[PDB]
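A.B. asks: Sharing a structure here in structure tokens format.
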Amino acid sequence: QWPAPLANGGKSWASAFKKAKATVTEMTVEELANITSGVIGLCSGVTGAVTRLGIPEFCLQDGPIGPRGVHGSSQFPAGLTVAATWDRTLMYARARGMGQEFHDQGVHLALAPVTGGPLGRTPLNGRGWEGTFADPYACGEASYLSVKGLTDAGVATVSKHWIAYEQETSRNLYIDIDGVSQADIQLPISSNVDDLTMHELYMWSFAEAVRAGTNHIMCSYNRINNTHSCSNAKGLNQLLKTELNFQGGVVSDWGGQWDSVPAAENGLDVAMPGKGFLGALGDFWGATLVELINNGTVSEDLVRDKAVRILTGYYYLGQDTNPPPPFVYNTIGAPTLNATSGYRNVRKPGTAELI
Amino acid sequence: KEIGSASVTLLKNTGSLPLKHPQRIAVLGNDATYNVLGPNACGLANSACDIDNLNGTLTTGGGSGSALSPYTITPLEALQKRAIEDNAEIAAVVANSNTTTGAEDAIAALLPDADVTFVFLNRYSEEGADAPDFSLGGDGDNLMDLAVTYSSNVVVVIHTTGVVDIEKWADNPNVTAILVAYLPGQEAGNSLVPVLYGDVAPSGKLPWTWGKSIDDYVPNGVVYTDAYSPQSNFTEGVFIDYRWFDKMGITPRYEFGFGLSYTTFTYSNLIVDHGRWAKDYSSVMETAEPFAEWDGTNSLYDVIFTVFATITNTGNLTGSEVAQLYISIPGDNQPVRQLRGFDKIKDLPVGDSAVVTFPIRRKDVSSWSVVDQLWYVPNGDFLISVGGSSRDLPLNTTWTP
Ligand SMILES: *[C@@H]1O[C@H](CO)[C@@H](O[C@@H]2O[C@H](CO)[C@@H](O[C@@H]3O[C@H](CO)[C@@H](O)[C@H](O[C@H]4O[C@H](CO)[C@@H](O)[C@H](O)[C@@H]4O[C@H]4O[C@H](CO)[C@@H](O)[C@H](O)[C@@H]4O)[C@@H]3O)[C@H](O)[C@H]2NC(C)=O)[C@H](O)[C@H]1NC(C)=O
Ligand SMILES: CC(=O)O[C@@]12CO[C@@H]1C[C@H](O)[C@@]1(C)C(=O)[C@H](O)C3=C(C)[C@@H](OC(=O)[C@H](O)[C@@H](NC(=O)c4ccccc4)c4ccccc4)C[C@@](O)([C@@H](OC(=O)c4ccccc4)[C@H]21)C3(C)C
Ligand SMILES: *[C@@H]1O[C@H](CO)[C@@H](O[C@@H]2O[C@H](CO)[C@@H](O[C@H]3O[C@H](CO)[C@@H](O)[C@H](O)[C@@H]3O)[C@H](O)[C@H]2NC(C)=O)[C@H](O)[C@H]1NC(C)=O
Ligand SMILES: *[C@@H]1O[C@H](CO)[C@@H](O[C@@H]2O[C@H](CO)[C@@H](O)[C@H](O)[C@H]2NC(C)=O)[C@H](O)[C@H]1NC(C)=O
Ligand SMILES: OC[C@H]1O[C@@H](O[C@@H]2[C@H](O)[C@@H](O)O[C@H](CO)[C@H]2O)[C@@H](O)[C@@H](O)[C@@H]1O
Ligand SMILES: *[C@@H]1O[C@H](CO)[C@@H](O)[C@H](O)[C@H]1NC(C)=O
Ligand SMILES: *[C@@H]1O[C@H](CO)[C@@H](O)[C@H](O)[C@H]1NC(C)=O
Ligand SMILES: *[C@@H]1O[C@H](CO)[C@@H](O)[C@H](O)[C@H]1NC(C)=O
Ligand SMILES: *[C@@H]1O[C@H](CO)[C@@H](O)[C@H](O)[C@H]1NC(C)=O
Ligand SMILES: *[C@@H]1O[C@H](CO)[C@@H](O)[C@H](O)[C@H]1NC(C)=O
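Protein sequences appear in the order of chains B and F.
Here full-length UniProt numbering is used: position 155 in the first sequence is 202, and no number is missing along the way.
Here full-length UniProt numbering is used: position 69 in the second sequence is 471, and no number is missing along the way.
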């Protein structure tokens, strides 16, 4: 079908890749499943530590205007708003500023920016404002610069949402809350997209995102030609990881992962949110992935590539020798998470006037 | 603005004022922001808005003694200016807390993490009717109940046309400070915040008595009757406000001429100077008021003597002090004391002293002869008392002409 091309570190991540491979090489099957699946904590998502090799939990945090659910930060204008400036300098400085606030709040991975999913097939898209232009060229430019800003600030990006994620209606994220299951109720809207259109319109901004060095990409809730984005082999293994030569990790949207084995085989590298959100949003790896490896269904080396893709960003942005500070706010919310919040003021002179 | 800053009166302060540089500030009450319909929505007489309308900061009263506003400087906007300077956050719930969906939820969530919570209360009244009691306007009773539930550092600020009932909470340890600021006109917010943040210590004192209860005031204050010829008899006589309170032995909440500072003043060196007299030559028009000691040259308003005292800032901060002088005129059924002088010292440095001076005119020490139909100076022992309020008078002397 479409096999999983191994990470090699690409142009800029060469040394980071090699530190990643080295670390992954030392990891037990449990450790591999610990880092490739979400655990419980204060951030939108959290990767399990590899505590024996001193790899810590990574804080994944919303969102594309800056860290969400924190005090002591600034509320930046939306992507829609910078787009309207048609000013590359502002697009970059916006992201750079968002970036320092993410770093200084303690975020390893910013669940941002929005780089062409949604792009704007419908002017009614409920979350269209999070993107930029209704145009691949201009969106590509803003996406490039948005990615660079955040990464220059020392925070790994997760560009979102790959791909063809053009309506909120019946995205139908995976949720098995109460007795009921979305999987029984209704499958996600299937974006059915020819190959010219995928190439010339939707992939264009993501290509720019990859070129800018986005460390990760988030696969979307919709299905493409009736396969989930997060387990679409053509989309992740071929279009993204081969043609766009993407060297980083594919993070599930929160409930965008619907299965265990196809996901592992067809491009997904991180299961989010895992144990977070009471497990309500699916929890298909973790202990399940351990079992699948130990019984020969899934190759350990397949999962080592996932862990390598995750650690590449860690090492490239220097989070190993320059760790972000502790994240201090409960952004999940009680009663889902009963944790107290600290306080940290992260607002810096210059930010208000940039805004 | 300077009128607002000189007027606003500090009734309670357990340690929370002045503010240093709080990082998380919570604000409660539509009094903190604009009239939702506009500052002049209520019309030519500030009385045409609906009874439940959120009128915003109470800057003037209702009726013929109101006036239009070019703008209102809301407490919130002024508090915000200051928060931004301190690189802090500030959030206000300004809806009706009882009737607005989620208001109560919002307050419950906002307040526990605030370093300080302001609650702005108001009590509108007007020409054409009397207040039916000491009742807070709109949702103020509710605001206060919620505020003390979720915060241990409530600072209450009252915009009112008169005394209001705050008995429920005034002794709540969670209410760390209480201020009234009356009707401050357009510069409402920027007159107040300097005081709160301690740029200028509060210097204003109550121009009437704050009784614990409407039942402690002159009986039959308002008479209600359908009677074709309604009747109020002033059987209390000269005994209104603190005169009544003083004679009946009633402790109020906050006495006439009371108001705290951010520093303390020690009174000393009482002096009555019989040689410091002068003839009234300045007043524009003269009365034909009759009096005993008249001799065709002199006046009721000649200053007969003059009295002096010394205040010393014994605190830790600069502050202004309104010195009061009261006199006990002897006679039968004569008030326990009557205010016959005040002198406000401006911005007295720590450790520094200043002399307070009070010109006592003749009329200031006279009674009306009901029988002889003239003003006359009684004989007896006149008490002279000087101090900070109508019940804080550390210096007395006696005079007998
Ligand atoms: C969603 O569904 C849509 C609709 O079906 C999908 O769009 C189809 O996408 C496929 C590609 O995945 C595309 O395939 C081609 O059709 C061409 C003719 O129209 C073929 O010529 C072409 O074949 C070449 O490519 C293959 C893949 O590399 C080779 O295996 C094959 O040998 C051919 O290549 C040789 O020859 C050419 C010279 O002719 C040379 O340049 C090459 O290098 C090589 O030597 C494709 O097979 C369909 O045409 C698309 N259909 C439409 C209507 O667009 C879409 O892919 C789906 N999306 C997802 C996410 O699944
Ligand atoms: C009745 C009255 O007090 O009138 C005056 C007009 O000069 C009076 C003095 C007063 O200072 C003045 C200007 C005010 O500023 C008041 O704040 C003021 C009032 C106290 C108010 O008064 C009332 O509402 C009256 O009691 C009321 N009267 C009655 O309905 C009434 C009927 C039978 C017996 C007793 C009373 C009234 C309402 C509306 C229009 C006319 C009369 C009217 C009035 O419109 C205002 O009155 C008018 O504008 C007005 C009055 C009569 C005819 C036309 C206009 C009011 C305002 C501005 C609201
Ligand atoms: C906002 O300002 C309003 C004035 O524009 C104010 O409305 C007025 O409130 C008084 C009470 O203070 C009402 O007084 C009268 O109430 C009835 C009238 O039927 C009588 O029994 C009383 O004797 C008394 O005269 C006024 O009627 C009322 N004006 C109108 C037009 O409704 C609001 O109360 C203010 N809002 C708040 C929350 O304080
Ligand atoms: C798999 O990941 C989980 C999630 O982080 C790990 O446990 C935490 O380990 C950190 C140190 O890295 C401790 O500070 C926490 O107390 C642990 N949390 C909990 C919930 O116990 C776990 O250690 C990982 N296991 C392995 C084998 O590495
Ligand atoms: O909770 C979301 C709100 O949705 C409102 O409705 C949307 C429309 O019916 C339509 O566009 O479909 C989407 C789902 O695909 C609906 O969310 C309405 O239902 C409100 O109740 C909700 O507040
Ligand atoms: C391997 O484990 C998975 C999950 O525990 C299970 O679904 C699968 O059937 C197992 N296969 C074998 C061959 O034991
Ligand atoms: C051998 O093939 C089976 C599927 O037929 C697969 O489960 C197993 O992992 C494969 N081993 C390899 C190639 O790693
Ligand atoms: C948090 O607390 C609530 C109420 O105290 C409780 O019902 C809930 O189960 C707790 N949440 C978790 C995830 O333990
Ligand atoms: C004071 O506020 C605290 C919350 O800070 C609350 O728990 C307590 O009940 C309040 N006490 C009084 C006397 O209102
Ligand atoms: C109060 O006025 C009424 C009305 O004339 C009178 O009958 C009553 O005796 C008066 N009481 C006084 C002056 O105390």
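Beta carbons are placed, not taken as given, at the ideal position from N, Cα and C, and that holds for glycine.
If you measure from the CB of F/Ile616, is any heavy atom of ligand 3 nearer than 7 angstroms?
C.D. replies: In the second sequence, counting from the first residue as 1, residue 616 of chain F sits at position 214. No, the beta carbon of F/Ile616 sits no closer than 7 angstroms to any heavy atom of ligand 3.
A.B. asks: Is B/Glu188 helix, strand or coil when you go by DSSP?
C.D. replies: For the purposes of this step, residue 188 of chain B is taken as residue 141 along the first sequence, with counting starting at 1. It is helical.
A.B. asks: Run through the region 491-522 of chain F for me and flag every whole alpha helix (DSSP H) of 4 or more residues, listed as ranges in chain order.
C.D. replies: 505-512
A.B. asks: So that I know if they touch, is there some Cβ in chain F lying closer than 8 angstroms to that of B/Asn392?
C.D. replies: Counting from one through the first sequence, the residue named residue 392 of chain B turns up at place 345. Yes, contact with chain F.
A.B. asks: Just to confirm my understanding: we take F/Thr666, look at its own chain, exclude 5 residues before and 5 after, and list those with CB closer than 8 angstroms. What are they?
C.D. replies: Locating residue 666 of chain F in the second sequence gives position 264, where the first residue counts as 1. So the qualifying residues of the chain are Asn715, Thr716 and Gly717.
A.B. asks: Rounding to the nearest angstrom, what Cα-Cα distance links B/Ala140 and B/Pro114 in this structure?
C.D. replies: Mapped onto the first sequence, residue 140 of chain B falls at position 93. Mapped onto the first sequence, residue 114 of chain B falls at position 67. Each residue's Cα considered, the two are about 16 angstroms apart.
A.B. asks: Is the separation between the beta-carbon of B/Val375 and that of B/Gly153 shorter than 8 angstroms?
C.D. replies: Numbered from its first residue, the first sequence carries residue 375 of chain B at position 328. Numbered from its first residue, the first sequence carries residue 153 of chain B at position 106. In this structure, B/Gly153 lies closer than 8 angstroms to B/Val375 by Cβ.
A.B. asks: Whole angstroms is fine: what's the gap from F/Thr503's alpha carbon to F/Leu439's?
C.D. replies: The sequence position of residue 503 of chain F within the second sequence is 101, counting from 1. The sequence position of residue 439 of chain F within the second sequence is 37, counting from 1. Answer to the nearest angstrom: the Cα atoms are 20 angstroms apart.
A.B. asks: Run through chain B and tell me which residues come within less than 7 angstroms of F/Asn442, C-beta to C-beta.
C.D. replies: Indexing the second sequence from 1 puts residue 442 of chain F at position 40. Simply none; closest approach about 33 angstroms.
A.B. asks: Residues of chain A with a CB under 8 angstroms from the CB of B/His155: which are they?
C.D. replies: Given the protein chain composition of this structure (B and F), no chain A is represented.
A.B. asks: For F/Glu638, which residues of its own chain have a beta-carbon under 8 angstroms away from its beta-carbon, when the five flanking residues on both sides are left out?
C.D. replies: Translated into positions along the second sequence, residue 638 of chain F becomes position 236. For F/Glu638, where only same-chain residues beyond five positions count, the Cβ hits under 8 angstroms are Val620, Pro621 and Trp646.
A.B. asks: If you follow the alpha helix (DSSP H) that B/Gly126 is part of, which residue opens it and which one closes it?
C.D. replies: Here residue 126 of chain B is taken as the residue at index 79 of the first sequence, counted from 1. Unbroken alpha helix (DSSP H) run through B/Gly126: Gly126 to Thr132.
A.B. asks: Determine which residues share a DSSP beta bridge with B/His263 and list them.
C.D. replies: Within the first sequence, numbered from 1, the residue matching residue 263 of chain B stands at position 216. Answer is B/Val205 and B/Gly296, bridged to B/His263.
A.B. asks: Should F/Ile706 go down as buried or exposed, given a rule of 16 or more other Cβ atoms within 10 Å for buried?
C.D. replies: Here the question's residue 706 of chain F lines up with position 304 in the second sequence. Buried, because 16 or more other Cβ atoms sit within 10 Å of the Cβ of F/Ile706.
A.B. asks: Leaving out five residues on either side along the sequence, give the residues of the same chain with a beta carbon under 7 angstroms from the beta carbon of F/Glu506.
C.D. replies: Numbered from its first residue, the second sequence carries residue 506 of chain F at position 104. Closer than 7 angstroms at Cβ, skipping near neighbours: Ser499 and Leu548.
A.B. asks: Kindly indicate if chain B contains any beta-carbon less than 8 angstroms away from that of F/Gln425.
C.D. replies: Walking along the second sequence from the start, residue 425 of chain F turns up at place 23. Chain B contact via Cβ: present.
A.B. asks: Can you tell me which of the three DSSP states F/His676 falls into?
C.D. replies: One-based indexing of the second sequence puts residue 676 of chain F at position 274. Of the three classes helix, strand and coil, the one that applies to F/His676 here is coil, per DSSP.
A.B. asks: Could you confirm whether any beta carbon from chain B is found closer than 8 angstroms to the beta carbon of F/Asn489?
C.D. replies: Looking up residue 489 of chain F in the second sequence gives position 87. By this cut-off, F/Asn489 is an interface position.
A.B. asks: To the nearest angstrom, report how far apart residue 361 of chain F and F/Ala694 are at their CA atoms.
C.D. replies: Nothing about residue 361 of chain F can be reported from this structure: the residues present for chain F run from 403 to 803 only.
A.B. asks: F/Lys748: buried (16+ other C-beta within 10 angstroms of its C-beta) or exposed?
C.D. replies: Looking up residue 748 of chain F in the second sequence gives position 346. Exposed, since its Cβ has fewer than 16 Cβ neighbours within 10 Å.
A.B. asks: Hey, would you say B/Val308 sits closer than 8 angstroms to B/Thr359, going by beta carbons?
C.D. replies: In the first sequence, the residue the question calls residue 308 of chain B occupies position 261. In the first sequence, the residue the question calls residue 359 of chain B occupies position 312. Going by C-beta atoms, B/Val308 is not nearer than 8 angstroms to B/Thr359.
A.B. asks: Give the straight-line distance between the Cα atoms of B/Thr128 and F/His561, rounded to the nearest whole angstrom.
C.D. replies: Here residue 128 of chain B refers to the residue found at position 81 when the first sequence is read from its first residue. Here residue 561 of chain F refers to the residue found at position 159 when the second sequence is read from its first residue. B/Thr128 and F/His561 have their alpha carbons spaced roughly 41 angstroms apart.
A.B. asks: Mind checking B/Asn313: buried by the 16 CB within 10 Å criterion, or exposed?
C.D. replies: Within the first sequence, the letter at position 266 stands for residue 313 of chain B. Counting Cβ neighbours within 10 Å, B/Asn313 comes out buried, since at least 16 surround it.
A.B. asks: Do three or more CB pairs link the region 223-237 of chain B to the region 165-172 of chain B at distances below 8 angstroms?
C.D. replies: no
A.B. asks: What does a CB cutoff of less than 6 angstroms around F/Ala680 pick up in its chain, not counting 5 residues either side in sequence?
C.D. replies: In the second sequence, the residue the question calls residue 680 of chain F occupies position 278. Hits under 6 angstroms: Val705.
A.B. asks: Can you list, in chain order, the residues of its chain with a C-beta nearer than 6 angstroms to that of B/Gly201? Leave out the 5 residues immediately preceding and following it.
C.D. replies: If you number the first sequence from 1, residue 201 of chain B lands on position 154. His150 and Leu364.
A.B. asks: Given this structure, state the Cα-to-Cα distance separating F/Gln425 from B/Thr383, to the nearest angstrom.
C.D. replies: As a working mapping, residue 425 of chain F is identified with position 23 in the second sequence. As a working mapping, residue 383 of chain B is identified with position 336 in the first sequence. Taking the straight line from one Cα to the other gives about 28 angstroms.
A.B. asks: According to DSSP, is F/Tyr436 part of a helix, a strand, or is it coil?
C.D. replies: As a working note, residue 436 of chain F is residue 34 in the second sequence. Residue state, collapsed to three classes: strand.
A.B. asks: Helix, strand or coil for F/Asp783? Go by DSSP, reduced to three states.
C.D. replies: Reading the second sequence from its first residue, position 381 is the one you call residue 783 of chain F. Three-state result, F/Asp783: coil.
A.B. asks: Is there at least one Cβ from chain F nearer than 8 angstroms to B/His246's Cβ?
C.D. replies: Residue numbering aside, residue 246 of chain B sits at position 199 when the first sequence is read from its first letter. So no, B/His246 is outside the interface.
A.B. asks: Give a yes or no on whether the minimum CB-CB distance between B/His150 and chain F is below 8 angstroms.
C.D. replies: Indexing the first sequence from 1 puts residue 150 of chain B at position 103. No, no contact with chain F.
A.B. asks: Hey, would you say the C-beta of F/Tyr526 is under 7 angstroms away from at least one heavy atom of ligand 3?
C.D. replies: Working through the second sequence from its first residue, we reach residue 526 of chain F at position 124. Flag set: Cβ of F/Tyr526 near ligand 3.
A.B. asks: So is residue 31 of chain B in contact with chain F if we call contact Cβ pairs under 8 angstroms?
C.D. replies: Outside the displayed range of chain B (48 to 402) lies residue 31 of chain B, so it cannot be described from this structure.
A.B. asks: Rank F/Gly530, F/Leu545 and F/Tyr526 by C-alpha distance to the C-alpha of F/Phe536 and give the top, closest one.
C.D. replies: As a working mapping, residue 536 of chain F is identified with position 134 in the second sequence. Nearest option by C-alpha distance: F/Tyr526.
A.B. asks: Do F/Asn576 and F/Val518 have their C-beta atoms closer together than 8 angstroms?
C.D. replies: The residue given as residue 576 of chain F occupies position 174 in the second sequence. The residue given as residue 518 of chain F occupies position 116 in the second sequence. Taking 8 angstroms as the Cβ cut-off, F/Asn576 and F/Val518 do not qualify as a contacting pair.
A.B. asks: Closest Cβ-Cβ distance between B/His275 and chain F: below 8 angstroms?
C.D. replies: Working through the first sequence from its first residue, we reach residue 275 of chain B at position 228. For B/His275, the answer is no, since every Cβ of chain F falls outside 8 angstroms of its Cβ.
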